[PDB]
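Undergrad: The following file, entry-v8.csv, comprises CSV, C-alpha atoms:
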```csv
chain,number,residue,atom,x,y,z
A,1,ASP,CA,0.0,0.0,0.0
A,2,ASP,CA,2.2,2.8,-1.4
A,3,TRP,CA,0.0,5.4,-3.1
A,4,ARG,CA,3.0,7.2,-4.6
A,5,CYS,CA,3.6,4.3,-7.0
A,6,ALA,CA,-0.1,4.0,-8.2
A,7,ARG,CA,-0.6,5.0,-11.8
A,8,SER,CA,-4.4,5.1,-12.0
A,9,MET,CA,-7.5,5.8,-9.8
A,10,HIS,CA,-8.5,2.2,-10.5
A,11,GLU,CA,-5.9,1.0,-8.1
A,12,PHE,CA,-7.8,2.5,-5.1
A,13,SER,CA,-10.8,1.4,-3.1
A,14,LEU,CA,-13.3,3.7,-1.3
A,15,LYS,CA,-16.2,3.2,1.0
A,16,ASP,CA,-19.5,4.4,-0.5
A,17,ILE,CA,-22.1,6.3,1.5
A,18,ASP,CA,-23.6,3.0,2.8
A,19,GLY,CA,-20.4,1.7,4.3
A,20,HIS,CA,-19.8,-0.8,1.4
A,21,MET,CA,-16.2,-0.8,0.1
A,22,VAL,CA,-16.5,0.3,-3.6
A,23,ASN,CA,-13.3,-0.7,-5.5
A,24,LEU,CA,-12.7,1.9,-8.2
A,25,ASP,CA,-11.7,-0.1,-11.2
A,26,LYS,CA,-15.5,-0.3,-11.9
A,27,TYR,CA,-15.1,3.1,-13.5
A,28,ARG,CA,-12.5,1.9,-16.1
A,29,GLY,CA,-13.8,2.9,-19.5
A,30,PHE,CA,-15.9,5.8,-18.0
A,31,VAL,CA,-15.1,9.5,-17.6
A,32,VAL,CA,-15.0,10.5,-13.9
A,33,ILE,CA,-15.6,13.8,-12.2
A,34,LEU,CA,-14.2,13.4,-8.6
A,35,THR,CA,-15.2,16.1,-6.1
A,36,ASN,CA,-15.2,16.7,-2.4
A,37,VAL,CA,-18.6,18.0,-1.3
A,38,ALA,CA,-20.2,19.7,1.7
A,39,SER,CA,-23.7,20.5,2.9
A,40,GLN,CA,-23.3,24.0,4.3
A,41,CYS,CA,-20.9,25.7,1.8
A,42,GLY,CA,-22.0,28.9,0.0
A,43,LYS,CA,-21.5,27.0,-3.3
A,44,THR,CA,-23.3,23.9,-2.2
A,45,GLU,CA,-26.6,24.4,-4.0
A,46,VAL,CA,-25.0,25.6,-7.2
A,47,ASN,CA,-22.5,22.7,-7.3
A,48,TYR,CA,-25.2,20.0,-6.4
A,49,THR,CA,-27.6,21.4,-9.0
A,50,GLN,CA,-25.0,21.3,-11.8
A,51,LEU,CA,-23.6,17.9,-10.8
A,52,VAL,CA,-27.0,16.4,-11.1
A,53,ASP,CA,-27.6,18.3,-14.4
A,54,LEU,CA,-24.3,17.1,-15.9
A,55,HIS,CA,-25.1,13.6,-14.8
A,56,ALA,CA,-28.6,13.5,-16.3
A,57,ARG,CA,-27.2,14.7,-19.7
A,58,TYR,CA,-23.9,12.8,-19.9
A,59,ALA,CA,-24.4,9.5,-18.0
A,60,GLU,CA,-25.3,7.9,-21.4
A,61,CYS,CA,-21.9,9.1,-22.7
A,62,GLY,CA,-20.1,7.4,-19.8
A,63,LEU,CA,-19.8,10.2,-17.3
A,64,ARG,CA,-19.7,9.1,-13.7
A,65,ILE,CA,-19.6,11.6,-10.8
A,66,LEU,CA,-18.1,10.6,-7.4
A,67,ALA,CA,-19.0,12.8,-4.5
A,68,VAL,CA,-16.8,12.4,-1.4
A,69,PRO,CA,-18.1,14.5,1.6
A,70,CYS,CA,-15.4,16.2,3.6
A,71,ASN,CA,-15.5,18.3,6.8
A,72,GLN,CA,-11.9,19.7,6.7
A,73,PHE,CA,-13.0,23.2,5.4
A,74,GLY,CA,-14.9,25.3,7.9
A,75,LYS,CA,-16.6,22.2,9.2
A,76,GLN,CA,-19.3,22.7,6.6
A,77,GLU,CA,-20.1,18.9,6.4
A,78,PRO,CA,-20.9,18.1,10.0
A,79,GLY,CA,-23.8,15.6,9.4
A,80,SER,CA,-23.3,11.9,9.5
A,81,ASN,CA,-23.2,9.7,6.4
A,82,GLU,CA,-26.9,8.9,6.9
A,83,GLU,CA,-27.7,12.6,7.1
A,84,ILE,CA,-25.5,13.4,4.1
A,85,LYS,CA,-27.1,10.7,2.0
A,86,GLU,CA,-30.6,12.2,2.9
A,87,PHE,CA,-29.3,15.7,2.0
A,88,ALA,CA,-28.0,14.4,-1.4
A,89,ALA,CA,-31.4,12.7,-2.0
A,90,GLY,CA,-33.1,16.1,-1.7
A,91,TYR,CA,-31.2,17.2,-4.8
A,92,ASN,CA,-32.3,14.1,-6.7
A,93,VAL,CA,-28.6,13.0,-6.8
A,94,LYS,CA,-28.3,9.9,-8.9
A,95,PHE,CA,-24.5,9.7,-9.1
A,96,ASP,CA,-22.3,7.9,-6.6
A,97,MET,CA,-22.0,9.2,-3.1
A,98,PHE,CA,-19.3,8.0,-0.8
A,99,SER,CA,-18.4,8.0,2.9
A,100,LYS,CA,-17.2,11.2,4.5
A,101,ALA,CA,-13.4,11.2,4.4
A,102,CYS,CA,-10.3,13.5,4.6
A,103,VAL,CA,-8.6,15.0,1.5
A,104,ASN,CA,-5.7,16.8,3.2
A,105,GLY,CA,-3.2,16.0,5.8
A,106,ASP,CA,-1.8,12.8,7.1
A,107,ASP,CA,-5.2,11.1,7.5
A,108,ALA,CA,-6.1,11.9,3.9
A,109,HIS,CA,-7.5,9.0,1.9
A,110,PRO,CA,-4.7,7.4,-0.3
A,111,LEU,CA,-6.7,8.3,-3.4
A,112,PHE,CA,-6.6,12.0,-2.7
A,113,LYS,CA,-2.9,11.8,-1.7
A,114,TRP,CA,-2.2,10.3,-5.2
A,115,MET,CA,-4.5,12.7,-7.0
A,116,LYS,CA,-2.8,15.8,-5.6
A,117,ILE,CA,0.6,14.7,-6.9
A,118,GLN,CA,-0.5,14.0,-10.5
A,119,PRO,CA,0.9,16.3,-13.2
A,120,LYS,CA,-2.6,17.6,-14.1
A,121,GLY,CA,-3.8,17.3,-10.5
A,122,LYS,CA,-1.2,19.6,-9.0
A,123,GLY,CA,-2.1,23.0,-7.6
A,124,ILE,CA,-0.8,26.5,-7.6
A,125,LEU,CA,0.7,27.8,-4.3
A,126,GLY,CA,0.8,24.2,-3.1
A,127,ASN,CA,-0.9,20.9,-4.1
A,128,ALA,CA,-3.3,20.7,-1.2
A,129,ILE,CA,-7.1,21.0,-1.7
A,130,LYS,CA,-8.0,24.5,-0.8
A,131,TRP,CA,-11.8,24.4,-0.1
A,132,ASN,CA,-15.0,22.4,-0.7
A,133,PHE,CA,-16.0,21.4,-4.2
A,134,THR,CA,-12.6,21.0,-5.8
A,135,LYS,CA,-13.1,18.9,-8.9
A,136,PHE,CA,-10.8,16.4,-10.6
A,137,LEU,CA,-11.6,15.3,-14.2
A,138,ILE,CA,-10.4,11.7,-14.7
A,139,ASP,CA,-10.3,9.8,-18.0
A,140,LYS,CA,-11.2,6.3,-18.9
A,141,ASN,CA,-7.8,5.0,-17.8
A,142,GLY,CA,-8.1,6.5,-14.3
A,143,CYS,CA,-5.5,9.3,-14.9
A,144,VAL,CA,-6.2,12.8,-13.8
A,145,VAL,CA,-6.5,15.1,-16.8
A,146,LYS,CA,-7.6,18.4,-15.2
A,147,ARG,CA,-8.2,20.0,-11.8
A,148,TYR,CA,-10.9,22.7,-11.1
A,149,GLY,CA,-10.9,25.1,-8.2
A,150,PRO,CA,-13.7,25.6,-5.7
A,151,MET,CA,-14.9,28.8,-7.3
A,152,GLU,CA,-15.4,27.2,-10.7
A,153,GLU,CA,-19.0,25.9,-11.2
A,154,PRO,CA,-19.3,22.3,-12.6
A,155,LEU,CA,-20.5,23.5,-16.0
A,156,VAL,CA,-17.0,24.8,-16.7
A,157,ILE,CA,-16.0,21.1,-17.0
A,158,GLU,CA,-18.6,20.5,-19.7
A,159,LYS,CA,-16.5,21.9,-22.5
A,160,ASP,CA,-13.7,19.6,-21.6
A,161,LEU,CA,-15.8,16.4,-21.5
A,162,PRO,CA,-16.1,15.6,-25.3
A,163,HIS,CA,-12.3,15.1,-25.7
A,164,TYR,CA,-12.4,12.1,-23.3
A,165,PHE,CA,-15.6,10.4,-24.2
```
Would you mind giving the structure from this file in structure tokens?
TA:
Amino acid sequence: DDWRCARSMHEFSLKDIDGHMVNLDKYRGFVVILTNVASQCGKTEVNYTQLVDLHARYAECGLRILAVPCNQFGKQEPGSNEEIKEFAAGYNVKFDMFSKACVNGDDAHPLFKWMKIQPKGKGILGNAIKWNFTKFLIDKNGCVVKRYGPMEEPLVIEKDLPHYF
């Protein structure tokens, strides 16, 4: 278990919102938007609305969205996994929700550690995830191809999807 040597997201496993260990090679052959989410961020409703919209219009094209709740940014995701799942159901979320985890620090999930050190997943002024709703566009092979900041709404990613379908 050395994430620094992994060469694809498919090498990692992640607990879904229902406590079941989802093992991420299932998304091989699919385009993946990976994002850390939160319930009480100012950009929560705008991100959830457009993630559901992008899913409804591009799921047939192979787009899969993976939402990982995180409480490391202003403690804006304090609810339990059961509460988070309910909250996501309020937005008619039909993409994949996962268990609340950490994206920064020593206790960060190995997937997010590997994602931040990718060439296209690197960040300016440091590689750490700055705030809620950072997005990582991931191709069919599990390699990070683009990283989007917390201020960029999900529809900004739409223009980049057709190149990887």
Undergrad: Of the candidates A:133, A:87, A:73, A:165, which one gets nearest to residue 51 (chain A) if we count only C-alpha atoms?
TA: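 Counting only C-alpha atoms, the residue closest to residue 51 (chain A) is A:133.
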Undergrad: To one decimal in Å, tell me the separation between CA of residue 57 (chain A) and CA of residue 29 (chain A).
TA: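 The value is 17.9 Å.
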Undergrad: Which residue is closest to residue 25 (chain A)? Choose from A:40, A:134, A:141, A:47 and count all atoms listed in the file.
TA: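 Once distances to residue 25 (chain A) are computed over all atoms listed in the file, the minimum belongs to A:141.
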Undergrad: Have a look at CA of residue 140 (chain A) and CA of residue 7 (chain A) and let me know their distance in Å, one decimal.
TA: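 Atom-to-atom, CA of residue 140 (chain A) to CA of residue 7 (chain A), that is 12.8 Å.
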Undergrad: Calculate how many Å separate CA of residue 74 (chain A) from CA of residue 150 (chain A), rounding to one decimal.
TA: 13.7 Å
Undergrad: Counting all atoms listed in the file, what is within 12 Å of residue 60 (chain A), bar same-chain residues fewer than 6 positions away, as a list in words?
TA: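 The residues that qualify are residues 30, 31, 54 and 165 of chain A.
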Undergrad: Between A:2, A:53, A:82, A:96, which has the minimum distance to residue 26 (chain A) (counting all atoms listed in the file)?
TA: A:96
Undergrad: So, with only C-alpha atoms as the atoms that count, which of A:55, A:159, A:10, A:147 lies closest to residue 130 (chain A)?
TA: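 Ranked by minimum distance to residue 130 (chain A), first place goes to A:147.
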Undergrad: Calculated over only C-alpha atoms, which of the candidates A:78, A:149, A:105, A:142 has the smallest distance to residue 123 (chain A)?
TA: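 Result for the nearest residue to residue 123 (chain A): A:149.
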Undergrad: Just checking: using only C-alpha atoms, which residue out of A:83, A:33, A:110, A:8 ends up closest to residue 66 (chain A)?
TA: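 When distances to residue 66 (chain A) are compared using only C-alpha atoms, the smallest one comes from A:33.
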Undergrad: Using only C-alpha atoms - which residues lie no farther than 12 Å from the point (0.4, 13.0, -7.3) in the file's frame? Write them as a ChimeraX atom specification.
TA: /A:2-9,110-123,126-128,143-145,147
Undergrad: Could you give me, as a list in words, the residues that sit within 9 Å of (-12.9, 19.5, 2.2) in the file's coordinates, counting only C-alpha atoms?
TA: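 Every residue inside that radius is included here: residues 36, 37, 38, 68, 69, 70, 71, 72, 73, 74, 75, 76, 77, 101, 102, 103, 104, 129, 130, 131, 132, 133 and 134 of chain A.
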